[PDB]
């Protein structure tokens, strides 16, 4: 059943699906420690097709595949591929799908993963499509939260920053729909969460409050998920200069924060999280990075139908 499934939008997953990925992720995590080399993916090839920059998503996926015993092909720069000669996206996928058993694609255009999944008879995983979705990030974010707070429900989660272009929070907000939590969306009014998404989450009954001042909600938050201003998604630099550096987390802001407050960030960060926060017990973004491998290993194995 998991074999052949795509991972395009977090909205295509139920609470059971997410739960399964996270439980399976823990499985492979421990399993790795024991064997130090798994073989579920022996004879399988993962093609990582990145049309925009990535450090974590590409490297953790390729890392996961090797830990699973598979092989990896792909490109990190579209300029080196034949898209350079003018080839289209659907032609690229139709050709590359014949070389691998699973595709992971990051593209600057929203809906690129859906288009790829449509014309591929190989499972397609969305590593980020424009400012739309980022399903595997959400899945590793939820893994981290459950791992850190031991449990899902009963949490007050705050999403800060560029909620408008941040594909990470678009998916993360949608996934939280299956959990009993109070969501707080803190951001400049120019970078608010897509109305439709905030609408839907309340169309299902979730306490969602949109605010501009962080200190208003800081004190009751269990989770503070910080984001980066997606400079590369703005219409032009002027549109970005108008919201530049207009939020940041540091020791001062953390004065009115609960002792158990945990701060996350999909990364990379520019300056929205002062490095002084790093040494604090609050910071968990680098532990967040770590969980990406077992979560991505679970996804690869599941979708390749090897576990």
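Residue numbers count along the first chain shown, from 1.
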Of 125-133 vs 191-199, the stretch with the larger average CA B-factor in the entry is 191-199
For the higher mean C-alpha B factor in the entry, choose 142-150 or 204-212.
204-212
Based on the PDB entry, the highest CA temperature factor among the options 35, 274, 269, 66 is that of 35
Identify, among 244, 58, 42, 252, the residue whose C-alpha carries the highest B-factor in the deposited PDB entry.
252
What third of the chain, by the recorded C-alpha B-factor, contains residue 181?
highest
Chain-wide C-alpha B factor ranking for residue 85, given as lowest, middle or highest third
lowest
Looking at the entry's B-factor column for C-alpha atoms only, identify whether residue 169 ranks in the lowest, middle or highest third of its chain.
lowest
Could you say whether, by C-alpha temperature factor, residue 259 belongs to the lowest, middle or highest third of its chain?
highest
Of the three thirds of Cα B-factor ranks in this chain, residue 220 occupies the highest
